[PDB]
Structure formats: structure tokens, C-alpha cells
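Coordinates from upload-v2.cif are shown below (mmCIF, C-alpha atoms and all ligand atoms).
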```cif
data_model
loop_
_atom_site.label_atom_id
_atom_site.label_comp_id
_atom_site.auth_asym_id
_atom_site.auth_seq_id
_atom_site.Cartn_x
_atom_site.Cartn_y
_atom_site.Cartn_z
CA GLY A 3 -8.12 -9.02 25.89
CA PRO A 4 -6.61 -6.43 23.47
CA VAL A 5 -7.19 -2.68 24.00
CA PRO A 6 -9.19 -1.07 21.15
CA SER A 7 -7.72 1.47 18.74
CA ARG A 8 -9.12 4.22 16.41
CA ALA A 9 -7.57 6.13 13.49
CA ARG A 10 -6.41 9.62 14.58
CA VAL A 11 -7.66 11.15 11.24
CA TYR A 12 -10.70 10.55 8.97
CA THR A 13 -12.15 8.52 11.81
CA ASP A 14 -15.85 8.86 11.04
CA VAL A 15 -15.85 9.51 7.26
CA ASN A 16 -17.91 6.37 6.49
CA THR A 17 -20.30 6.78 9.49
CA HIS A 18 -21.72 10.05 8.13
CA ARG A 19 -22.06 8.89 4.51
CA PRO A 20 -25.18 7.14 3.16
CA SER A 21 -24.95 3.31 3.15
CA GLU A 22 -24.79 3.50 -0.72
CA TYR A 23 -21.12 4.63 -0.34
CA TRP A 24 -19.64 1.83 1.83
CA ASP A 25 -22.24 -0.98 1.62
CA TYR A 26 -20.54 -2.58 -1.41
CA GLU A 27 -22.80 -5.69 -1.18
CA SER A 28 -25.90 -3.64 -2.11
CA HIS A 29 -24.21 -2.12 -5.17
CA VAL A 30 -25.63 -2.74 -8.65
CA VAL A 31 -22.89 -3.13 -11.31
CA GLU A 32 -23.56 -1.17 -14.56
CA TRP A 33 -22.25 -3.61 -17.22
CA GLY A 34 -20.37 -2.33 -20.25
CA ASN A 35 -19.96 -4.03 -23.67
CA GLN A 36 -17.22 -6.76 -23.77
CA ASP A 37 -16.93 -6.39 -27.63
CA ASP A 38 -15.44 -2.86 -27.20
CA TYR A 39 -12.22 -4.51 -26.00
CA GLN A 40 -9.75 -6.70 -27.91
CA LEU A 41 -7.16 -8.56 -25.81
CA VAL A 42 -3.59 -8.08 -27.11
CA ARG A 43 -1.25 -9.94 -24.72
CA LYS A 44 -1.11 -11.42 -21.25
CA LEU A 45 0.84 -9.14 -18.80
CA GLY A 46 0.61 -11.35 -15.72
CA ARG A 47 -1.37 -13.65 -13.44
CA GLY A 48 -1.67 -13.20 -9.70
CA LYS A 49 -3.59 -15.04 -6.96
CA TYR A 50 -7.02 -13.54 -7.86
CA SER A 51 -6.74 -12.35 -11.51
CA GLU A 52 -5.15 -12.42 -14.98
CA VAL A 53 -4.10 -9.05 -16.48
CA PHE A 54 -3.93 -8.19 -20.18
CA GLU A 55 -2.86 -5.34 -22.44
CA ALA A 56 -5.91 -4.63 -24.65
CA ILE A 57 -7.24 -2.07 -27.14
CA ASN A 58 -10.53 -0.20 -26.86
CA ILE A 59 -11.62 -0.49 -30.51
CA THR A 60 -14.24 2.36 -30.09
CA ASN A 61 -11.39 4.97 -29.88
CA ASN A 62 -8.18 2.90 -30.62
CA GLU A 63 -6.95 3.70 -27.05
CA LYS A 64 -4.79 1.19 -25.15
CA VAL A 65 -6.36 -0.19 -21.95
CA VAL A 66 -5.60 -2.84 -19.27
CA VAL A 67 -8.07 -5.67 -18.63
CA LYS A 68 -8.08 -7.52 -15.32
CA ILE A 69 -10.18 -10.74 -15.51
CA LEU A 70 -11.13 -11.85 -12.03
CA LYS A 71 -10.85 -15.55 -11.03
CA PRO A 72 -14.27 -17.01 -9.85
CA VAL A 73 -12.97 -17.61 -6.28
CA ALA A 74 -14.46 -14.91 -3.95
CA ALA A 75 -17.73 -12.96 -4.54
CA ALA A 76 -17.81 -10.37 -1.69
CA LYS A 77 -14.17 -9.46 -2.60
CA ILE A 78 -15.07 -8.61 -6.22
CA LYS A 79 -17.92 -6.26 -5.31
CA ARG A 80 -15.67 -4.46 -2.73
CA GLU A 81 -12.96 -3.73 -5.35
CA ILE A 82 -15.51 -2.34 -7.89
CA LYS A 83 -17.16 -0.03 -5.26
CA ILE A 84 -13.77 1.23 -4.01
CA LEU A 85 -12.57 1.93 -7.57
CA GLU A 86 -15.83 3.82 -8.41
CA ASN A 87 -15.63 5.85 -5.16
CA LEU A 88 -12.02 6.84 -5.86
CA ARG A 89 -12.34 7.51 -9.60
CA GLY A 90 -10.77 10.84 -10.58
CA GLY A 91 -8.70 11.08 -7.38
CA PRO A 92 -5.03 12.15 -7.63
CA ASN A 93 -2.78 9.32 -8.90
CA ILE A 94 -5.59 6.71 -8.44
CA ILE A 95 -5.92 4.21 -11.34
CA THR A 96 -9.03 5.02 -13.43
CA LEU A 97 -11.64 2.26 -13.83
CA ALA A 98 -12.95 2.87 -17.40
CA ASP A 99 -15.48 -0.02 -17.58
CA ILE A 100 -16.68 -3.35 -16.12
CA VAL A 101 -17.62 -6.08 -18.63
CA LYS A 102 -18.54 -9.81 -18.28
CA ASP A 103 -15.70 -11.90 -19.78
CA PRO A 104 -17.21 -14.31 -22.38
CA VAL A 105 -14.79 -17.16 -21.56
CA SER A 106 -14.29 -16.99 -17.76
CA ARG A 107 -17.93 -15.77 -17.22
CA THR A 108 -16.58 -13.48 -14.43
CA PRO A 109 -16.25 -9.65 -14.23
CA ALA A 110 -13.40 -8.03 -16.18
CA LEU A 111 -12.25 -4.60 -15.01
CA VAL A 112 -11.04 -2.25 -17.70
CA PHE A 113 -8.47 0.38 -16.59
CA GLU A 114 -6.98 3.44 -18.38
CA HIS A 115 -3.62 2.55 -19.96
CA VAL A 116 -0.41 2.90 -18.00
CA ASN A 117 3.07 1.89 -19.10
CA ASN A 118 3.74 -1.87 -18.51
CA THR A 119 6.40 -0.89 -15.89
CA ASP A 120 6.08 -1.10 -12.12
CA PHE A 121 7.97 0.98 -9.54
CA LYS A 122 10.09 -2.11 -8.66
CA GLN A 123 11.79 -1.73 -12.11
CA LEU A 124 12.92 1.84 -11.44
CA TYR A 125 12.99 2.56 -7.64
CA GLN A 126 16.56 1.16 -7.06
CA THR A 127 18.07 3.56 -9.67
CA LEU A 128 16.39 6.96 -9.03
CA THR A 129 18.16 10.13 -8.06
CA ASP A 130 17.62 11.72 -4.61
CA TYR A 131 15.31 14.31 -6.26
CA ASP A 132 13.22 11.63 -8.04
CA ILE A 133 12.76 9.55 -4.81
CA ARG A 134 11.32 12.73 -3.20
CA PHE A 135 9.23 13.58 -6.25
CA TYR A 136 7.68 10.10 -6.65
CA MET A 137 7.12 9.59 -2.88
CA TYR A 138 5.16 12.94 -2.90
CA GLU A 139 3.05 11.62 -5.81
CA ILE A 140 2.30 8.34 -3.90
CA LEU A 141 1.35 10.39 -0.83
CA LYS A 142 -1.26 12.33 -2.86
CA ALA A 143 -2.94 8.95 -3.71
CA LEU A 144 -2.80 7.74 -0.06
CA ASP A 145 -4.15 10.95 1.49
CA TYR A 146 -6.95 10.92 -1.07
CA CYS A 147 -8.03 7.33 -0.42
CA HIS A 148 -7.66 7.71 3.39
CA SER A 149 -9.76 10.95 3.21
CA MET A 150 -12.34 8.89 1.37
CA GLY A 151 -12.49 6.31 4.19
CA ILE A 152 -10.43 3.65 2.36
CA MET A 153 -7.19 1.84 3.31
CA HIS A 154 -5.23 0.25 0.42
CA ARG A 155 -3.61 -2.58 2.49
CA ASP A 156 -1.24 -3.66 -0.31
CA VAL A 157 1.19 -0.78 -0.78
CA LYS A 158 4.38 -2.16 -2.45
CA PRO A 159 6.54 -1.32 -5.52
CA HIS A 160 4.59 -3.66 -7.84
CA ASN A 161 1.38 -1.73 -7.05
CA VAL A 162 2.82 1.61 -8.17
CA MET A 163 2.75 1.97 -11.97
CA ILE A 164 5.13 4.57 -13.32
CA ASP A 165 5.66 6.34 -16.65
CA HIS A 166 9.19 7.72 -15.93
CA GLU A 167 9.49 9.47 -19.32
CA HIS A 168 6.29 11.41 -18.46
CA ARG A 169 6.90 11.71 -14.65
CA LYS A 170 3.42 10.23 -13.98
CA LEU A 171 2.43 7.68 -11.30
CA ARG A 172 -0.71 5.57 -10.52
CA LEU A 173 -1.58 3.53 -7.41
CA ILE A 174 -3.08 0.18 -8.64
CA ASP A 175 -4.56 -3.18 -7.45
CA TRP A 176 -7.31 -2.19 -5.07
CA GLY A 177 -8.29 -5.87 -4.57
CA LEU A 178 -7.22 -5.89 -0.89
CA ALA A 179 -8.55 -2.36 -0.15
CA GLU A 180 -11.18 -1.90 2.58
CA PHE A 181 -13.53 0.70 4.03
CA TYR A 182 -12.32 1.92 7.43
CA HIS A 183 -15.04 1.69 10.11
CA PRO A 184 -13.98 2.68 13.67
CA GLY A 185 -13.87 -0.31 16.01
CA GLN A 186 -13.99 -2.90 13.20
CA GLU A 187 -11.63 -5.87 13.47
CA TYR A 188 -9.97 -6.68 10.16
CA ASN A 189 -8.19 -9.69 8.68
CA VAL A 190 -4.40 -9.48 9.31
CA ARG A 191 -3.73 -11.57 6.12
CA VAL A 192 -3.18 -8.52 3.91
CA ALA A 193 -0.10 -6.86 2.29
CA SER A 194 3.03 -8.65 0.99
CA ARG A 195 5.45 -10.11 3.62
CA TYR A 196 8.16 -7.44 3.40
CA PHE A 197 5.63 -4.59 3.64
CA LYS A 198 3.51 -6.03 6.46
CA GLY A 199 3.13 -3.72 9.48
CA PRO A 200 3.94 -4.91 13.04
CA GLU A 201 0.14 -4.77 13.76
CA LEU A 202 -0.30 -7.59 11.14
CA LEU A 203 2.69 -9.57 12.44
CA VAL A 204 1.48 -9.53 16.08
CA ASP A 205 -2.14 -10.33 14.99
CA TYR A 206 -3.68 -6.98 16.10
CA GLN A 207 -6.92 -6.70 14.13
CA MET A 208 -8.20 -3.16 14.94
CA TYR A 209 -5.80 -1.41 12.53
CA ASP A 210 -6.41 1.54 10.17
CA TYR A 211 -5.02 3.78 7.38
CA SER A 212 -1.67 3.90 9.27
CA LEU A 213 -0.92 0.37 7.98
CA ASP A 214 -0.31 1.98 4.53
CA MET A 215 2.17 4.42 6.09
CA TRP A 216 4.34 1.56 7.48
CA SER A 217 4.33 -0.08 3.96
CA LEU A 218 5.33 3.34 2.48
CA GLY A 219 8.18 3.58 5.03
CA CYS A 220 9.44 0.12 3.94
CA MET A 221 9.47 1.36 0.31
CA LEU A 222 11.36 4.58 1.27
CA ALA A 223 13.96 2.64 3.35
CA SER A 224 14.58 0.27 0.36
CA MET A 225 15.07 3.31 -1.95
CA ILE A 226 17.31 5.57 0.16
CA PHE A 227 19.49 2.66 1.44
CA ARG A 228 19.56 0.61 -1.81
CA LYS A 229 18.46 -2.50 0.12
CA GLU A 230 15.82 -4.70 -1.43
CA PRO A 231 13.80 -5.45 0.63
CA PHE A 232 14.68 -3.42 3.69
CA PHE A 233 13.24 -5.99 6.19
CA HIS A 234 14.15 -9.40 4.71
CA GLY A 235 12.15 -11.98 6.64
CA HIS A 236 12.27 -15.71 5.75
CA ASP A 237 8.52 -15.99 6.79
CA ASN A 238 5.92 -13.88 8.79
CA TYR A 239 7.67 -14.74 12.11
CA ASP A 240 11.24 -13.93 11.03
CA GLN A 241 9.74 -10.75 9.42
CA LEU A 242 9.04 -9.39 12.94
CA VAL A 243 12.54 -10.45 14.11
CA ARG A 244 14.13 -8.55 11.17
CA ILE A 245 12.16 -5.44 12.21
CA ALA A 246 13.20 -5.90 15.88
CA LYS A 247 16.91 -6.06 14.86
CA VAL A 248 16.49 -2.45 13.59
CA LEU A 249 13.85 -0.85 15.86
CA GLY A 250 14.80 -2.79 19.01
CA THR A 251 12.90 -5.19 21.25
CA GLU A 252 12.15 -2.70 24.10
CA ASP A 253 9.85 -0.51 21.90
CA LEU A 254 8.26 -3.78 20.58
CA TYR A 255 7.36 -5.00 24.11
CA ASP A 256 6.11 -1.45 24.99
CA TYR A 257 3.82 -1.58 21.87
CA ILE A 258 2.48 -5.09 22.84
CA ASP A 259 2.01 -3.87 26.50
CA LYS A 260 0.13 -0.68 25.39
CA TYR A 261 -2.41 -2.61 23.30
CA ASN A 262 -2.53 -5.56 25.75
CA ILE A 263 -1.57 -7.99 22.91
CA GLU A 264 -0.87 -11.72 23.51
CA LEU A 265 2.35 -12.25 21.51
CA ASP A 266 2.49 -15.73 19.84
CA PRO A 267 4.75 -17.89 22.15
CA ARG A 268 6.64 -19.00 18.95
CA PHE A 269 8.47 -15.62 19.35
CA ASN A 270 9.95 -16.41 22.83
CA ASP A 271 12.85 -18.44 21.35
CA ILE A 272 13.53 -16.27 18.18
CA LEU A 273 13.10 -12.55 19.04
CA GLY A 274 16.18 -12.21 21.30
CA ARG A 275 17.13 -8.82 22.82
CA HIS A 276 18.03 -5.95 20.47
CA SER A 277 18.64 -2.26 20.90
CA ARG A 278 17.41 0.32 18.40
CA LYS A 279 20.01 0.98 15.70
CA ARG A 280 20.73 4.55 14.64
CA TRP A 281 19.71 5.10 10.96
CA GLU A 282 23.36 5.99 10.09
CA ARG A 283 24.21 2.23 10.53
CA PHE A 284 22.59 1.61 7.08
CA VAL A 285 24.49 4.40 5.22
CA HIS A 286 27.44 3.41 3.00
CA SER A 287 29.46 4.71 0.01
CA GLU A 288 26.87 3.32 -2.52
CA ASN A 289 23.74 4.98 -0.99
CA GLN A 290 25.08 8.10 0.79
CA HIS A 291 23.97 10.42 -2.08
CA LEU A 292 20.30 9.39 -1.36
CA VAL A 293 20.51 10.01 2.38
CA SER A 294 20.05 13.37 4.13
CA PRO A 295 19.09 14.36 7.73
CA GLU A 296 15.56 15.15 6.33
CA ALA A 297 15.24 11.64 4.71
CA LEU A 298 16.26 9.93 7.98
CA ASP A 299 13.93 12.06 10.12
CA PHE A 300 11.02 11.32 7.75
CA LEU A 301 11.77 7.58 7.65
CA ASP A 302 12.05 7.50 11.47
CA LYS A 303 8.54 8.94 11.71
CA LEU A 304 6.99 6.33 9.38
CA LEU A 305 8.77 3.20 10.73
CA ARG A 306 7.24 3.11 14.23
CA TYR A 307 5.78 0.00 15.89
CA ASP A 308 2.87 2.03 17.34
CA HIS A 309 0.49 2.56 14.38
CA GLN A 310 -1.03 5.59 16.23
CA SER A 311 2.45 7.28 16.35
CA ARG A 312 3.23 7.19 12.59
CA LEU A 313 2.86 10.29 10.43
CA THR A 314 -0.45 10.41 8.57
CA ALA A 315 -0.29 10.91 4.76
CA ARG A 316 -1.05 14.65 5.09
CA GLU A 317 1.54 15.10 7.88
CA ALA A 318 4.04 13.23 5.68
CA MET A 319 3.40 15.73 2.80
CA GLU A 320 4.27 18.58 5.21
CA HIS A 321 7.69 17.08 6.04
CA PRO A 322 10.92 19.09 5.26
CA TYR A 323 12.11 16.15 3.07
CA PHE A 324 9.67 17.48 0.42
CA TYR A 325 10.64 21.18 0.61
CA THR A 326 12.99 20.60 -2.39
CA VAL A 327 10.18 19.20 -4.60
CA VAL A 328 8.70 21.76 -7.02
CA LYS A 329 5.00 22.32 -6.18
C1 LIG A 401 -3.31 -0.58 -14.80
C2 LIG A 401 -3.18 -1.83 -13.98
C3 LIG A 401 -2.26 -2.81 -14.32
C4 LIG A 401 -2.20 -4.02 -13.64
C5 LIG A 401 -3.08 -4.27 -12.59
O1 LIG A 401 -2.96 -5.46 -11.93
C6 LIG A 401 -3.99 -3.28 -12.20
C7 LIG A 401 -4.90 -3.51 -11.03
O2 LIG A 401 -4.93 -4.59 -10.46
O3 LIG A 401 -5.64 -2.50 -10.68
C8 LIG A 401 -4.04 -2.08 -12.91
#
```

Using C-alpha cells, write down the structure from this file.
Ligand SMILES: Cc1ccc(O)c(C(=O)O)c1
Amino acid sequence: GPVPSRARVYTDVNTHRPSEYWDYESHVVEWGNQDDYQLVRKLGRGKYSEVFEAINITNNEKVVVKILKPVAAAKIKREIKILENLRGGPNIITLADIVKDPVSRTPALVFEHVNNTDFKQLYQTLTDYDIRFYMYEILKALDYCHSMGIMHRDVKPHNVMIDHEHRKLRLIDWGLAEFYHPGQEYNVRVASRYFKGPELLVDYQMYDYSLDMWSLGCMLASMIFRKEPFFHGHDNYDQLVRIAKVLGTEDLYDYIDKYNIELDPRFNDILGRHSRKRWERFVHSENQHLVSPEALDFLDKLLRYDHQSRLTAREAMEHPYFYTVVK
């Protein structure tokens, strides 16, 4: 069957820690007071929660309340533990409280206020400098959570909250996040279609932090090339074909050969034969001011089929693309 894989960094972070850290099922939730929070307006509803702008009446501060749907139980406890472990980390959303919602009778997570604007609202109109600046800020969040033994697994523009006026960023929605344990097989039904890594699309379960680096590369490609999304699949199958039209089929078959993966036979009639395209193929008069040799070299090193070959978050922070960013 498939050949096993291990992360090349932060491999054994969870193995050395006491079970209290990663055994989210044994965690005891310290319940706050639901009356401290007054709901103001509904911001949105996703698959697993409803999100509201609210006010913390004990200090008049604005907060965000995420009321969980009563679907999964193990999933709820995992999100709370991950948020508590990461609290105070660079550009990580701050969990302020956990209360029991009086109506839904489910946990409600209370977060520090952020502007009601996601990165998808701004990321197609940034300058070259601001793409570099904000990507460096996202990398600080990813290296921190990876160093803490956690993969986000849902990196996408909607999950990056930005306050452009204040040049501040937060990585949000840790509901799909998981503790990395070497040799563990994970569910491939994570991330949004356009940001899914080839490991998810070929059903390779022993993936790691590097999945977040492919999703980050998809975001960068969409920003520097002004193409939303960069890989525009009609479904999870066509998503891999769209990737193969850019990266080529030869490196795809080498990746599948290396990990001894059984590619779904559905692909035999749709994948075709494609050579790797040079990154200059995507450059045009409308995006050329966002492209540089450094941007293309950095993107090339994130968008690799082999998850073990992608830059790690710390390696990404060292790249020449960020030499222009004031630190
Ligand atoms: C601050 C904020 C806003 C919306 C959200 O959905 C989240 C979250 O899921 O963590 C956080």
C-alpha cells in the first residue's frame, strides 16, 4: 500500500508534551458567564456555526460570538483546546471566553473583536509591498501554530481577518485544525476546494503542516496574478486536472510513484498529458506590477506536488521576496 510520510520539522512536538496538551477529549471547559455578552447582529452562518457581532457589557468592548451547531462533539472540544494552546501567539485569533448559549444549549466561543472584513475583500487590490507585508504576517501565524504541533487545514482568504487601516491581521476559524502526530492518518475532507493540496486530491492521508503551505501558495498565486481562484476546478477531480495543467502530469505521476499511491481510475480519462508551464505564462499587463523574480521563485517553492519538498513556514520567512518588508 502507500509509503508512509513524516513532517520534516516539528515532527515530535506533541510526543514529548504531557497528554493534557493534545488529548482534547480529556479537557475540562472552564465556563464563562453568558450574560456578559449582548448579541448585536448576525455576521454569517457556515456549516458548523453562526457568527455574531456582540458587545461585552462588562467593559463595553466589541467581541465576536461563534455559536456552535449541535452536530459534532469531538470536533467542538478539539477547537477549544487548539484555541487555548495557541492563545497569545502572533496573529492568532484570541479566544476571550467560552459560554453556554441559552437558546441553542451549545458552546459559544467569544473572540476578541476584529474588523468585519476578510482578506478576500482586499487581497485582489493590494500593492506589491502590501502582498509581501501581509503574507509575512500570515507566515508568523503558521510558523507559530506548526511549532505548537498544530496544522490549520483551512487556510483561505475568508479565514484571514484584516484591519487594513491598522495594518493588523488575524488567522481565524480553527474548527478544522488538528494536532500533528507522526504516522497518523488524517481525513482528506478538509480545506476549501480551491485551496486543497494534491495530497488531499489523491487521497493520501499521512499529511502534515505542509498542507497549509500549499493553501498559502494558492493564495499568493491568486494575489500576484490577479486570478481568483488560481486553480479553478469544477469539483475535487477537475481541481487536480487544473493543477496538472500548470505543474504538469510528469511530476504528478512521479509524486504518486514516490508515495506508492493508487490514483482513482476516474482520472485516467480526464488528466491528459501536460507539461509544466513557466510562471511567466500567467503574467500580463494588469498584474505585471505585482510580479518579480523573487515572487515567482517563492511561489514555485510553495506550489509543489511533493508535500515534503515545499518550503516550511520558517523557510518561507527567510525568502528574498520578504527582504523589502520592514522588520
Ligand atoms: C473573529 C472571528 C470572526 C469570524 C469567525 O468565524 C471566527 C472563527 O471562526 O474563529 C473568528

Find the axis-aligned box for ligand LIG 401 (chain A), covering all its listed atoms and adding 8 Å on each side, and write its centre and edge lengths in Å to one decimal as lines of an AutoDock Vina configuration file.
```
center_x = -3.9
center_y = -3.0
center_z = -12.6
size_x = 19.4
size_y = 20.9
size_z = 20.3
```

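Distance check against residue 231 of chain A using all atoms listed in the file: of A:20, A:204, A:74, A:244, the minimum falls on A:244.
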
Nearest to residue 209 of chain A: which of A:66, A:9, A:313, A:162 is it, counting all atoms listed in the file? A:9

Step by step, measure atom-to-atom distances between ligand LIG 401 (chain A) and each residue using only C-alpha atoms and all ligand atoms, keep those at most 7 Å, then write them as a PyMOL selection string. chain A and resi 53+66+68+95+113-116+174-177

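Nearest to residue 179 of chain A of all the residues A:80, A:191, A:10, A:278 is A:80, counting all atoms listed in the file.
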
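Using only C-alpha atoms, the smallest distance between any of A:138, A:188, A:323, A:206 and residue 5 of chain A comes from A:206.
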
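With distances restricted to only C-alpha atoms, A:134 is the closest residue to residue 300 of chain A from A:183, A:134, A:286, A:260.
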
Counting all atoms listed in the file, closest pick from A:129, A:62, A:13, A:119 relative to residue 211 of chain A is A:13

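From atom CA of residue 32 of chain A back to atom CA of residue 59 of chain A, the distance works out to 19.9 Å.
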
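Interatomic distance, atom CA of residue 216 of chain A to atom CA of residue 276 of chain A: 20.3 Å.
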
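For residue 91 of chain A, the set of protein, DNA and RNA residues having any atom at most 10 Å away, when counting all atoms listed in the file and skipping those fewer than 3 positions along the same chain, is residues 85, 87, 88, 94, 95, 96, 142, 143, 144, 145, 146, 147 and 150 of chain A.
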
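Here atom CA of residue 120 of chain A is placed at a distance of 5.2 Å from atom CA of residue 160 of chain A.
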
In the coordinate frame of the file, compute which residues have an atom within 12 Å of (-21.6, -12.4, -0.6) when using all atoms listed in the file, and state them as a PDB file with C-alpha atoms, in the coordinates of the input.
```pdb
ATOM      1  CA  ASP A  25     -22.240  -0.980   1.620  1.00  0.00           C
ATOM      2  CA  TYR A  26     -20.540  -2.580  -1.410  1.00  0.00           C
ATOM      3  CA  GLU A  27     -22.800  -5.690  -1.180  1.00  0.00           C
ATOM      4  CA  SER A  28     -25.900  -3.640  -2.110  1.00  0.00           C
ATOM      5  CA  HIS A  29     -24.210  -2.120  -5.170  1.00  0.00           C
ATOM      6  CA  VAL A  73     -12.970 -17.610  -6.280  1.00  0.00           C
ATOM      7  CA  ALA A  74     -14.460 -14.910  -3.950  1.00  0.00           C
ATOM      8  CA  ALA A  75     -17.730 -12.960  -4.540  1.00  0.00           C
ATOM      9  CA  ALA A  76     -17.810 -10.370  -1.690  1.00  0.00           C
ATOM     10  CA  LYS A  77     -14.170  -9.460  -2.600  1.00  0.00           C
ATOM     11  CA  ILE A  78     -15.070  -8.610  -6.220  1.00  0.00           C
ATOM     12  CA  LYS A  79     -17.920  -6.260  -5.310  1.00  0.00           C
ATOM     13  CA  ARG A  80     -15.670  -4.460  -2.730  1.00  0.00           C
TER      14      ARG A  80
END
```

If we count only C-alpha atoms, what is near residue 64 of chain A at a cut-off of 12 Å, once residues fewer than 6 positions away on the same chain are taken out, given as a count of residues only? 19

Have segment 213-234 of chain A completed to N, CA, C and O atoms, please, and pass it along as a PDB file, in the coordinates of the input.
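Below is the file rebuild36.pdb, written as the result:
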```
ATOM      1  N   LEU A 213      -1.575   1.551   8.528  1.00  0.00           N
ATOM      2  CA  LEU A 213      -0.920   0.370   7.980  1.00  0.00           C
ATOM      3  C   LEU A 213      -0.226   0.739   6.643  1.00  0.00           C
ATOM      4  O   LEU A 213       0.930   0.361   6.413  1.00  0.00           O
ATOM      5  N   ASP A 214      -0.883   1.581   5.817  1.00  0.00           N
ATOM      6  CA  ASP A 214      -0.310   1.980   4.530  1.00  0.00           C
ATOM      7  C   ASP A 214       0.947   2.826   4.715  1.00  0.00           C
ATOM      8  O   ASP A 214       1.842   2.831   3.860  1.00  0.00           O
ATOM      9  N   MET A 215       1.016   3.562   5.824  1.00  0.00           N
ATOM     10  CA  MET A 215       2.170   4.420   6.090  1.00  0.00           C
ATOM     11  C   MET A 215       3.391   3.594   6.511  1.00  0.00           C
ATOM     12  O   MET A 215       4.523   3.974   6.170  1.00  0.00           O
ATOM     13  N   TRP A 216       3.194   2.455   7.218  1.00  0.00           N
ATOM     14  CA  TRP A 216       4.340   1.560   7.480  1.00  0.00           C
ATOM     15  C   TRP A 216       4.855   1.007   6.133  1.00  0.00           C
ATOM     16  O   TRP A 216       6.067   1.029   5.860  1.00  0.00           O
ATOM     17  N   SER A 217       3.936   0.489   5.273  1.00  0.00           N
ATOM     18  CA  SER A 217       4.330  -0.080   3.960  1.00  0.00           C
ATOM     19  C   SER A 217       5.106   0.972   3.138  1.00  0.00           C
ATOM     20  O   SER A 217       6.177   0.671   2.572  1.00  0.00           O
ATOM     21  N   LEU A 218       4.637   2.246   3.167  1.00  0.00           N
ATOM     22  CA  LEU A 218       5.330   3.340   2.480  1.00  0.00           C
ATOM     23  C   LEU A 218       6.728   3.540   3.070  1.00  0.00           C
ATOM     24  O   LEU A 218       7.700   3.676   2.320  1.00  0.00           O
ATOM     25  N   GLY A 219       6.851   3.464   4.410  1.00  0.00           N
ATOM     26  CA  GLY A 219       8.180   3.580   5.030  1.00  0.00           C
ATOM     27  C   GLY A 219       9.120   2.470   4.578  1.00  0.00           C
ATOM     28  O   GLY A 219      10.317   2.702   4.389  1.00  0.00           O
ATOM     29  N   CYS A 220       8.595   1.242   4.432  1.00  0.00           N
ATOM     30  CA  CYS A 220       9.440   0.120   3.940  1.00  0.00           C
ATOM     31  C   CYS A 220       9.959   0.438   2.538  1.00  0.00           C
ATOM     32  O   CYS A 220      11.093   0.096   2.204  1.00  0.00           O
ATOM     33  N   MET A 221       9.080   1.003   1.687  1.00  0.00           N
ATOM     34  CA  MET A 221       9.470   1.360   0.310  1.00  0.00           C
ATOM     35  C   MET A 221      10.563   2.451   0.344  1.00  0.00           C
ATOM     36  O   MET A 221      11.578   2.307  -0.341  1.00  0.00           O
ATOM     37  N   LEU A 222      10.378   3.507   1.162  1.00  0.00           N
ATOM     38  CA  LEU A 222      11.360   4.580   1.270  1.00  0.00           C
ATOM     39  C   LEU A 222      12.712   4.034   1.747  1.00  0.00           C
ATOM     40  O   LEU A 222      13.750   4.394   1.186  1.00  0.00           O
ATOM     41  N   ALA A 223      12.699   3.185   2.804  1.00  0.00           N
ATOM     42  CA  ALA A 223      13.960   2.640   3.350  1.00  0.00           C
ATOM     43  C   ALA A 223      14.714   1.868   2.244  1.00  0.00           C
ATOM     44  O   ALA A 223      15.923   2.038   2.106  1.00  0.00           O
ATOM     45  N   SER A 224      13.994   1.050   1.455  1.00  0.00           N
ATOM     46  CA  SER A 224      14.580   0.270   0.360  1.00  0.00           C
ATOM     47  C   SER A 224      15.190   1.157  -0.731  1.00  0.00           C
ATOM     48  O   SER A 224      16.215   0.800  -1.321  1.00  0.00           O
ATOM     49  N   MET A 225      14.594   2.337  -0.952  1.00  0.00           N
ATOM     50  CA  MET A 225      15.070   3.310  -1.950  1.00  0.00           C
ATOM     51  C   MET A 225      16.274   4.092  -1.470  1.00  0.00           C
ATOM     52  O   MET A 225      17.269   4.173  -2.218  1.00  0.00           O
ATOM     53  N   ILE A 226      16.202   4.721  -0.271  1.00  0.00           N
ATOM     54  CA  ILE A 226      17.310   5.570   0.160  1.00  0.00           C
ATOM     55  C   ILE A 226      18.552   4.766   0.560  1.00  0.00           C
ATOM     56  O   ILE A 226      19.670   5.285   0.449  1.00  0.00           O
ATOM     57  N   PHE A 227      18.362   3.522   1.032  1.00  0.00           N
ATOM     58  CA  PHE A 227      19.490   2.660   1.440  1.00  0.00           C
ATOM     59  C   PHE A 227      19.933   1.648   0.397  1.00  0.00           C
ATOM     60  O   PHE A 227      20.964   0.980   0.608  1.00  0.00           O
ATOM     61  N   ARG A 228      19.207   1.562  -0.745  1.00  0.00           N
ATOM     62  CA  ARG A 228      19.560   0.610  -1.810  1.00  0.00           C
ATOM     63  C   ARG A 228      19.589  -0.822  -1.247  1.00  0.00           C
ATOM     64  O   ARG A 228      20.571  -1.564  -1.405  1.00  0.00           O
ATOM     65  N   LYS A 229      18.521  -1.194  -0.526  1.00  0.00           N
ATOM     66  CA  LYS A 229      18.460  -2.500   0.120  1.00  0.00           C
ATOM     67  C   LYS A 229      17.106  -3.091  -0.175  1.00  0.00           C
ATOM     68  O   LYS A 229      16.090  -2.598   0.322  1.00  0.00           O
ATOM     69  N   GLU A 230      17.078  -4.112  -1.038  1.00  0.00           N
ATOM     70  CA  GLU A 230      15.820  -4.700  -1.430  1.00  0.00           C
ATOM     71  C   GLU A 230      15.678  -6.138  -0.914  1.00  0.00           C
ATOM     72  O   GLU A 230      16.429  -7.024  -1.341  1.00  0.00           O
ATOM     73  N   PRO A 231      14.685  -6.411  -0.052  1.00  0.00           N
ATOM     74  CA  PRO A 231      13.800  -5.450   0.630  1.00  0.00           C
ATOM     75  C   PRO A 231      14.549  -4.905   1.835  1.00  0.00           C
ATOM     76  O   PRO A 231      15.631  -5.415   2.183  1.00  0.00           O
ATOM     77  N   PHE A 232      13.971  -3.903   2.527  1.00  0.00           N
ATOM     78  CA  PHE A 232      14.680  -3.420   3.690  1.00  0.00           C
ATOM     79  C   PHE A 232      14.635  -4.438   4.846  1.00  0.00           C
ATOM     80  O   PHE A 232      15.667  -4.694   5.464  1.00  0.00           O
ATOM     81  N   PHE A 233      13.442  -4.990   5.137  1.00  0.00           N
ATOM     82  CA  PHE A 233      13.240  -5.990   6.190  1.00  0.00           C
ATOM     83  C   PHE A 233      12.997  -7.324   5.472  1.00  0.00           C
ATOM     84  O   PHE A 233      11.937  -7.542   4.872  1.00  0.00           O
ATOM     85  N   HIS A 234      14.048  -8.159   5.467  1.00  0.00           N
ATOM     86  CA  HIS A 234      14.150  -9.400   4.710  1.00  0.00           C
ATOM     87  C   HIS A 234      13.833 -10.670   5.510  1.00  0.00           C
ATOM     88  O   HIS A 234      14.701 -11.519   5.725  1.00  0.00           O
TER      89      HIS A 234
END
```
